[PDB]
Structure formats: C-alpha cells, structure tokens
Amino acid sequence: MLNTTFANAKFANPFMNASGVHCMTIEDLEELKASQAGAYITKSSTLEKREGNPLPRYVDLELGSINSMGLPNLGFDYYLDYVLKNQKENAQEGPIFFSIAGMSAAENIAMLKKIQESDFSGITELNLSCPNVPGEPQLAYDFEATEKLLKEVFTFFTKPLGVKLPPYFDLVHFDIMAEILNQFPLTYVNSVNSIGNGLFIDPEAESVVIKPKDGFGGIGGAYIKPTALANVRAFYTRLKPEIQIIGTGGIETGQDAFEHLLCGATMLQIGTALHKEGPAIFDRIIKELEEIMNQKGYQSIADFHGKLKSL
C-alpha cells in the first residue's frame, strides 16, 4: 500500500534513513539495504576523509537528540566507488541516494562534476544546511549565495539532484527560496536538516553535553516536528510540481509519517529515531502507517498525499 513514485523511480515504500544516520560505512549501507527501508542515502561526503569533531558529539535526549558530528565521513571516492559497484548488481528496487556536503562551493562543484562524469545513475542530494561545521554558515540561509551556486551547478549537472535545506521560520523566506528553486530543473527539496545551534544542559553538572562548539548542536527528534511539517507544507504549496519533496524531521511513528505525507512529502527520512532503534525501525513504522491507512480505508498514499486540511 506504500508503493511510491519519486524522481521517476519506483520505491516499495517512502521510508529512508536521513543522511548522517546509519550510513557511514559500506557495512552500514548494506544493513540499510537489507532492512525494509524503501531507499537509503549515503553519509554526506567531502572530497577528503574527515574524522569529524571531538567527542562527545551526539547525545540522545528525551525529546530527540543534539549533535555536532562535524561531517565525519570516509571521503567522496569511498562512497562513489560503493554506489558504482552496487549499481552494477541490480540487487535493489530503487536507486541509491548520494549526499554531498562540500566544505566550499568549489568542493561541491568538484564533487558534482565527478558524479556527472561517472556512470552513477542514482540520485544526488546537495547538502546546503549542515549546522555543525565549525566556522561554516548554513549556505541555504544566504539566498544570494544559494542561487549563485545552483545556477553554476545547473550549467552542467543533468542527473537527478535534490537539495537538503535548513528549516525556515518566516513565510517571506519560503517565498524567496521557492522563487529561487523554481527556476531550476531540481528533482526535489528535502526539508529539514536539524534545527541549528540548539543547546542542551545537564543541570546537575551545570554543563553542556557535547564537546564541540561549547555545546551548541543540531536538534532533531520530537522537538522539531512542528518545524519540519511546516517546512514540508510551506514548500509543497509553493514549489512547482516538477520539484517533489522529501520530508525529514521528528519521524518516529506511523502517525508522524502520515502527517508528513499529508503535508506533501513523497519520501520520508528518519534520523534520530533510526539512530536510537536501528534498521528494525523501518519494519515497525511501515506497519504503523499501514494500520493507520487500513483504519481510514486507504489503500494508497495517493488517497491522502498532500491533503492536509485548513480550517
């Protein structure tokens, strides 16, 4: 009942891991492939392998999580080699997603050029919102810089491309971003990356709980669902139909998934909840969403996709 069409491709269900979670190594990726996830995405990569920030850099919270990973990854070549080898096997229903988060525009352009030149037939996700890179301002909050980068990207990148965006909190910003994005042959927008630079404190120790950036880190989980849903919905009503949406943020139960789909998301990514539960979460959440649909008499996501009602 969850069969989904996205980026002109067929997926068994809309669920995927969120980049950054359970996708660092080939072993992680293989575990996602073996799981019930409809699709999966690689850890955002940089040209060079990165160790990331000092530990502790991730902490589970009652209402979600806080992290300042620092883009730890095994390097662009590592992930490209994996997806290219995996592609030849045809042992998977649906293309693999490849995330890139260059440390500079030049780095992103370089990686996109390599992807374009390679035989990669999957989907690419350009991360314009990493809030845990020491000394690096979320690009998607700089509308001028974002438009400039995308214009250069589309002068040569012809393969499926989506952008991972930070959350917006003002309607005028959604209007501005939508206007910018609508001029490009983008495949999708993925809302949202973590609510940036939040803080969690241990009152007993009177200290922060993560080492990097004096304790400031990206917030995920239940804390951000209202923001995530709003971003998915705001873009759904502003983006041209050619640009689909991936909903990310606060997805833990079938109900959370249902809500994102009602807003207009086509694919759904799970970060914090997957980090805590492991790949078994996909089978659980799929069944929860199916139960919700059965109760409502729905046999397809199309029966409610984007049908959120206003009062």
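The numbering used is simple: start at 1 and walk along the sequence shown.
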Avg C-alpha B-factor, entry values, 218 to 226 vs 204 to 212, higher side is 204 to 212
243 to 251 versus 276 to 284 - greater average Cα B-factor per the deposited record
276 to 284
What's the residue among 123, 100, 171, 165 with the greatest CA temperature factor in the PDB record?
171
If you check the C-alpha B-factor for each of 83, 74, 195, 189 in the entry, which is highest?
83
Could you place residue 141 in the lowest, middle or highest third of its chain by Cα temperature factor, using the values in the record?
middle
Going by the entry, which third of its chain does the Cα temperature factor of residue 54 land in?
highest
Please rank the C-alpha B-factors of the chain's modelled residues and tell me whether residue 29 sits in the lowest, middle or highest third.
middle
Rank-wise, by C-alpha B-factor, drop residue 259 into the lowest, middle or highest third of its chain.
lowest
Chain-relative CA temperature factor third for residue 37:
middle
